[PDB]
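> A structural model of the following input is requested.
(chains A, B, C, D, E, F and G, ligands or ions: 9)
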Amino acid sequence: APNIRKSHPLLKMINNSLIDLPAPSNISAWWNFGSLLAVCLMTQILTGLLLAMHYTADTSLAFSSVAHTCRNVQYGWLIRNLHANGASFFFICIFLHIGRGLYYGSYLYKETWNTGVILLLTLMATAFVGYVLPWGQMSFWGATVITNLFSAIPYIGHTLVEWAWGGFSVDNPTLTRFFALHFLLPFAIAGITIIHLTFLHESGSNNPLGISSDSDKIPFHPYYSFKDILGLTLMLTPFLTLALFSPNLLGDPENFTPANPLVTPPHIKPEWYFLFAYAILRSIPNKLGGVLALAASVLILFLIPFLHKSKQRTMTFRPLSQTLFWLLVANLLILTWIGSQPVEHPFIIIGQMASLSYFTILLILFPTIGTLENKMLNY
Amino acid sequence: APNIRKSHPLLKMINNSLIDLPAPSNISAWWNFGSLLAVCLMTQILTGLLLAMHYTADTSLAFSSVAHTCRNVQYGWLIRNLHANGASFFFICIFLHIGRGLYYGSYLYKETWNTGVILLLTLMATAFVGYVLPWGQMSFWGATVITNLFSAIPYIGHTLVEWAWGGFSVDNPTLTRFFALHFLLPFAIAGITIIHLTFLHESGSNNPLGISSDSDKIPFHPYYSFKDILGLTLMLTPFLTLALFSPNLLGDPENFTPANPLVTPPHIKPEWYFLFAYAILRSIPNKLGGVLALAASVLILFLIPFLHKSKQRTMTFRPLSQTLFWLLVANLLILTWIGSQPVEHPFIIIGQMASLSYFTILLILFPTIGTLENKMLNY
Amino acid sequence: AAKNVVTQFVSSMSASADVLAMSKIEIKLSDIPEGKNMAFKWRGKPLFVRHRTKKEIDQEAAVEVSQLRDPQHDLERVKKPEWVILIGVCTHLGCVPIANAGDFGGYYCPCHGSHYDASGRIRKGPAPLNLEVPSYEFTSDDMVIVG
Amino acid sequence: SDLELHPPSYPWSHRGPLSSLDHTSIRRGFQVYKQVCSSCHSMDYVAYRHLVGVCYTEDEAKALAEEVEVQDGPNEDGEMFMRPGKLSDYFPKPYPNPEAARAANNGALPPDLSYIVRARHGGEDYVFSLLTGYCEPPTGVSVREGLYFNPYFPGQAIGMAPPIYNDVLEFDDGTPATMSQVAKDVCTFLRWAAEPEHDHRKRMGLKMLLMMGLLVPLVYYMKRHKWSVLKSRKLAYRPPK
Amino acid sequence: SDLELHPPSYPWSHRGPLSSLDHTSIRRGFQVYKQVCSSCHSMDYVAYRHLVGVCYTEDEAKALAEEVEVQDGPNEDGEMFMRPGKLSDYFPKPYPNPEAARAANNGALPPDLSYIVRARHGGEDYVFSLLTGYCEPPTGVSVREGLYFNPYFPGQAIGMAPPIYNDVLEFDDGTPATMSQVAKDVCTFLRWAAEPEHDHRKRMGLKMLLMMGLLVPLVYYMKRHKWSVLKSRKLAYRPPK
Amino acid sequence: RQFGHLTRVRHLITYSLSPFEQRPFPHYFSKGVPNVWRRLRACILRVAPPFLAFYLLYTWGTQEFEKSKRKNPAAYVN
Amino acid sequence: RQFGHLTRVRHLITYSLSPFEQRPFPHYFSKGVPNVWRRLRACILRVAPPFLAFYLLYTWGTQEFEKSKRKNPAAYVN
Ligand code: HEM
Ligand code: HEM
Ligand code: HEM
Ligand code: HEM
Ligand code: HEM
Ligand code: HEM
Ligand SMILES: CCCCCCCCO[C@@H]1O[C@H](CO)[C@@H](O)[C@H](O)[C@H]1O
Ligand SMILES: CCCCCCCCO[C@@H]1O[C@H](CO)[C@@H](O)[C@H](O)[C@H]1O
Ligand code: FES
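Numbers count the residues shown, from 1 in each chain, chains lettered A, B, ... in the order given. Ligands and ions are numbered 1, 2, ... in the order given. See below for the structure:
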């Protein structure tokens, strides 16, 4: 063949995924997050790898290996920062990525959406087991409290946690397996991320007005490549500003104290990007149900596609559910807050309320305001 | 579509690579090694991962972390063994895999063959940096001598080695980066291994009589799946017999002594699967040229496709070159021997002779006996 | 931007502050009088600095270079006559030579018997070469920096 | 009662995003660490070597490590022995082990100050307030034997007695060593000790901000440029009717 | 001269691929390690705990660890103190550190025997030969002060004096403690000490061999079965001419 | 799906100019800024509300919690 | 490449029987073992040689090296 860019077994893969790829013209800026999410990953894996090259995974060397990396390894400090803060850039993006899909009904592309849920779960795990590594008070205590949760699982419970980590409590034998796990999972993320885009590419890419784009697509590269690179910088600048001016802005100070099993800090809480669920977790008293609430707080995403009733895909022309949507983010935002606070009166209530308003907006309002919204259009 | 196994974006990938895939009928048993090589990889990555979960990468804990893994970690001993011995099963196979291709001209499928060379290089590196981990006398000394080799590279030499590993000599800062590297590369192997099979699948699979198979192909699965699984056991049994009866049969005892920089062992030599080159390395005196000989001993594989002259692909009907071929393996086999021996008279000679007979059989005989073999057929 | 980020990462690989710290060594010549051989630690290996007397000096400078397995003129191996700077590792199998001992009044490696002279030259034993001399220079009349 | 008082907020010479640490002050601090704190507080991650080029001259620092001897590796006979510290040694530990220290400071354990400034909410603002801030307990409140009331400290009872009063030491640069003043320098030290990058990290932050400034508009103009072909585009429907 | 003598090869009770270690002998060995070697040779990787269920009873082993006291963690005041060893302690080290030992055994350093059997070519065959094998140096050959000629040892001069003669100890099981005999048990011990798996690893090897035996023929018959459709196949060319 | 088989389109005529014959970020005022506002005032009343609401609750919450700590001048007038 | 577009084939008639109507490992002697030999004696003379050759050289080498160590009864008859 002529082109020699559309004939070669490998280039043909690229020229069909970053060039010549039919993308709708009206794609919104919300679509810039898949891109970011991907480069966000390349970045972590890089900085991480480069950072792992100076780490020691052992109760007696962990904390200082990290410290040493920062005080001794040239540009070590920067690398750690980028990696740590990057974790967040990662979640902020993955959360805006979910969003966009939730409200353009991108989720109607089931398979491409289900894998996405698997991406979120995976990206989490890798970030939980990764924060222990520095082995500071929170690293340790967070690991001990959050892992012990499985304990509620009746019968085959205690025996799981008791095997999960080392032997009897978060100690050396678990820092190791955590380090290993942390090193492995990211590559699995990338693996799956490929499957994600595959399923995607099956159908076109969805678009803001939610109606067939075939009418007029545009070559990805000439356009979207530029578009995304723009987004990359527009979003990467704050990342760095934060990473270079307030490095600890989002980091608990208590995690600057080498882990010590004889001093449980007050207010043990996982990283912000987990809070919303930490909240919904301590909403229901019965320890068991609590885990379930927690599990369901994320797993519910698998159900979203079966709760779509609107005769329309996106909700651009759906003002009612439109407020419902924002009323929802606001809700998550509140759960986050409630999670960072102690378990005391003003909170405890606002907590289980917000937590309840979470499952209703997804399980019962949305679908309902959905059909009702259809009648109003004479359907 | 009906089948629902040929329509699904993912199954279609499998049903087109392990089922419904057109394979020649006369495929020889030599073709069973790609399979093995792949499962050989799955196995390493598994046992390794599971083994990494108990390792500590630090001058002061390495050697014992491994020891502890064997004495304390349940079935730890078995896992280490499998992993260590597996490394060999791996090379024995990769060497029979090369072979088959070298003499069925499989290499004429350039792209699928070039990646294969990249697979070999990669699989090596990962196995060099992986043997240091246990940090025993050979681990250390092997690392120090073999790495220091780059030193010959004029100018930008010393500065490379001096950066490659920690700072001034194989010490802690390099065990770490080696451990990391070891953990990373295998996944890159798997990555590339995909590209390998891609390029392969472009064309059919070659066959012993080297003539178009289209005449009659057969569905991979019904047949070859069975065929390979048979090979898997027939080859896996010795692996285990060796792994379970003479665990150290192929392992240097000197590597049971914790590394000690004040005692250089006599006879420092890399693992057997490297010897052949270690030989060709100490064949030419001028340290520089030595490296080049070494580098060329493997990189020559990239040239094989340009040294094919026979009007025929395989060399089934090419008795002359047929002996040349076996005369060659025999040659490598000898280089191996010479490599395990000291640098003394009876050897030093046999060494550079065999080493010379290596580059001639590939560079000059083969191609020559090639054309001459054509004249004899009236061509 | 790229030029920077790339080079920055290409250094978080290079030897770190804690290592470069043990890169160079300062030695006070005045605290090592004539006649005795002093042992120091440098790059994890012993560093030999000996003050030579007439007996040690002269006896070493007279023998022929082309008679040695490692042909070397001691005065082509030294900066100052009263000063000997050596890598405390035998060229045979990585062992440590002994001060004030041997058939040549310099150093002797007990592992397989390598004998060296007060110039650090190989005389007895399989040791292929003379003890190695580190890269260096002097800082003053009583100061010396190796590295 | 989970009732607490929070530190104010001082205009440190190094709080500006583009403002580095005042090394002349850092230098001082080091002195108060060395001459007063270092007798109870360990600082395991810093070493003389670091002072070099930041607030002390090489030789200057070399001589400052000499002042202390350190325990070092086995003999030729295998035993621990002492010797004048070098440039590569890390700041001395006041006690052989924690329990050893807990017993010298009536139960309590003086934390290692390496990262203190970032191990407590408030950082320097906190530490400062704490240092220059002890006073008699309010009514109804009584502190037990061996502890000293300090509002700024959670529980208001610190195992640490006021460690800093006027003079106590004499800044040699010629500076009015008043408690308040001396505590300031100690804090700017603790800052540096916790994140030596600081100045480097910020000069860097500057350079990044200027790149973002320049890079985004370019790619913005570029993005806008390629697209224009669409933004400007014009449709029209012409059925032959 | 790179000239050396290589050990013979004894029919150890545990060399069979399916033959395990003779624990009654292992038990003995332990004794000679404990009562004679352990005064110079460390065995850092084994601990009393291991003896339990292999060549010693729990209580039996518990009481055997008591015989030795071990140095243990900081006081309430922070200092090292002694105490009767437990079941979890590892075999005692004869010396505080290498140089300490090199000075007690005239320069040389007695290696840790944990993996000796696999750290030297020959393993038990080697060690045995070495132990029961010292003799006067041949003519022309002279060993220096402090070293002892032993042909089996490279260089033929060992810093180790013959450590084992008749009796020296008394096997309590009631066994004729002759040098030769005692050295045998010590060796079978060293074996176990180096790879406790041994017996387990072999019983396992047996079970694997039987599976291979059974599994391959099945899949072979299966492979042969599916294929037959081809092996038996029959072509024919019929052009209408 | 590739290019050339997306949809049955008929009778649409489009006109566009090279990027070099036109302006990139044109008419920031003529049409640019207006629409930006044409938008802020189009959703503000749909997005803002629940956020504003959230805020109030955040404040109420923090303020209340911070009040339930302080003592009531009368828990002891004896 | 998939099934249905490999080659222009014409006039070949093949006959085969179900795996259950025949024998798996049939005629080990009638035709089986013979051919195995029909093969060992077909390449032995092509493969064996260079291997045998290798061997001799291995032996020569080891033996010689092991001889150059021992002393010559006459390096000193005085
Ligand atoms: C020297 C001027 C000096 C400083 C600086 C200092 C600081 C300091 C801090 C920040 C703490 C931690 C407070 C906290 O836990 O949040 C702290 C604690 C203790 N100190 Fe201190 N300290 C300085 C000097 C000294 C001196 C001279 C001694 C020993 C005589 C000393 C001791 C202690 C002890 C004990 C604590 C108490 C911790 C507790 O939990 O009660 N400090 N110091
Ligand atoms: C107890 C019966 C005993 C055994 C068993 C034993 C073994 C042993 C071996 C295998 C070596 C290593 C040989 C080698 O390097 O290849 C070795 C070495 C030394 N030993 Fe020993 N030894 C036993 C007992 C004793 C005793 C009682 C002492 C101390 C009084 C002792 C000492 C040494 C020393 C020293 C060495 C020399 C090593 C060298 O390089 O010269 N051994 N032993
Ligand atoms: C780290 C993992 C992830 C990466 C790198 C990733 C990447 C991508 C990419 C490259 C796109 C294309 C551009 C776009 O439409 O935004 C994409 C699309 C998509 N992703 Fe993800 N994704 C990730 C996680 C998720 C998650 C968690 C979900 C599911 C809840 C998800 C749902 C989708 C869907 C539905 C589309 C968009 C289809 C459309 O609206 O056009 N992705 N993702
Ligand atoms: C998927 C991308 C990744 C995520 C989400 C992630 C997240 C994190 C987190 C949360 C931390 C803690 C930072 C802190 O101490 O505050 C961390 C630490 C670490 N990560 Fe990752 N990580 C990722 C990938 C990697 C990979 C693949 C490597 C290298 C192979 C890696 C190696 C490490 C190491 C060594 C640490 C310890 C050093 C440190 O914490 O500063 N990370 N990672
Ligand atoms: C770990 C890496 C490798 C794996 C897992 C791998 C895997 C495979 C697989 C699955 C096959 C198909 C079955 C066969 O024909 O044997 C294959 C084919 C092939 N591989 Fe590899 N390979 C590896 C390394 C190499 C190397 C080093 C070379 C090149 C020197 C190579 C050359 C080939 C070629 C030419 C074919 C065979 C085409 C034919 O004759 O039909 N492979 N390999
Ligand atoms: C490509 C497959 C692999 C090869 C060729 C390979 C080869 C080796 C080699 C040669 C050893 C030395 C065994 C010895 O001490 O004698 C080793 C050790 C090790 N490998 Fe791998 N390895 C592979 C993959 C892995 C992976 C991916 C992991 C886990 C993530 C891993 C982790 C380790 C660890 C922890 C050791 C140290 C423990 C030990 O040596 O017993 N290996 N590997
Ligand atoms: C994407 C925008 C990236 C901006 C470029 C990063 C600039 C980093 O520049 C850094 O500045 C420091 C302070 O002078 C120097 O010491 C470092 O050597 C230099 O690499
Ligand atoms: C592919 C053929 C695999 C053969 C099966 C492996 C059998 C391992 O079997 C093992 O045998 C030991 C000895 O009794 C037991 O102690 C272990 O618990 C058991 O798992
Ligand atoms: S190791 Fe130096 S003479 Fe033996």
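
> tell me who's in contact with residue A:320.
Contacts for residue A:320 (CB atoms under 8 Å, 6 or more residues apart in numbering or on different chains) come out as A:369, A:372, A:373. C-beta coordinates here come from the backbone N, C-alpha and C atoms, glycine included.

> for residue 121, which residues are in contact?
Assuming you mean chain A. residue A:298.

> hmm, I had chain D in mind actually
With CB under 8 Å, 6+ apart, residue D:121 has these contacts: residue A:253.

> next one: residue D:36
Per CB under 8 Å, 6+ apart, neighbours of residue D:36: D:163, D:164, D:168, D:169.

> could you redo the last one with a cut-off of 10 Å?
D:163, D:164, D:168, D:169, D:182, D:186 (CB atoms under 10 Å, 6 or more residues apart in numbering or on different chains).

> tally up the residues packed near the first one, please.
So that's residue D:163. Neighbourhood size, residue D:163 [other CB atoms under 10 Å in any protein chain shown]: 18.

> same deal with the last one?
When neighbours are counted by other CB under 10 Å, residue D:186 registers 26.

> hey, where'd the strands end up in the stretch 1-150 of chain A?
For the stretch 1-150 of chain A, the strands defined by DSSP state E, counting those that start in this stretch occupy A:22-24.

> and the residue of it closest to ligand 2?
residue A:58 (30.9 Å; CB to the nearest ligand atom).

> how far away is that residue from chain B?
5 Å (CB to the nearest CB, to the nearest Å).

> what's the closest non-adjacent residue to that residue?
residue B:56 (4.8 Å; CB to CB, 6 or more residues apart in numbering or on different chains).

> just residue D:106 next, same as before
residue D:146 is the one closest to residue D:106 (CB to CB, 6+ apart), at 4.6 Å.

> and what of residue C:16?
residue A:72 (4.1 Å).

> show me what contacts that neighbour?
Contacts of residue A:72 by CB under 10 Å, 6+ apart are A:54, B:173, C:15, C:16, C:17, C:18, C:19, C:20, C:21, D:45.

> go on, residue D:188?
Counting by CB under 10 Å, 6+ apart, residue D:188 makes contact with D:12-14, D:21-30, D:117, D:124, D:128.

> for those residues, which one is nearest residue D:151?
residue D:128 (13.7 Å; CB to CB).

> let me know the secondary structure of the closest residue to residue F:54 other than its chain neighbours.
Among residues not flanking residue F:54 along the chain, residue A:330 sits closest, at 4.5 Å (CB to CB, 6+ apart). Going by DSSP: H, G, I helix; E, B strand; the rest coil, the secondary structure assigned to residue A:330 is helix.

> so how many other residues sit close to residue 140?
Going with chain A. The burial count for residue A:140: 28, using other CB under 10 Å.

> wait, chain C was what I had in mind.
When neighbours are counted by other CB under 10 Å, residue C:140 registers 10.

> one more: residue A:374?
Residue A:374: 15 neighbours (other CB under 10 Å).

> now name the helix or strand holding it.
helix A:366-375 (DSSP states H and E).

> output the contacting helices and strands for that helix.
helix A:319-340 (3 or more CB pairs under 10 Å, 6 or more residues apart in numbering or on different chains; DSSP states H and E).
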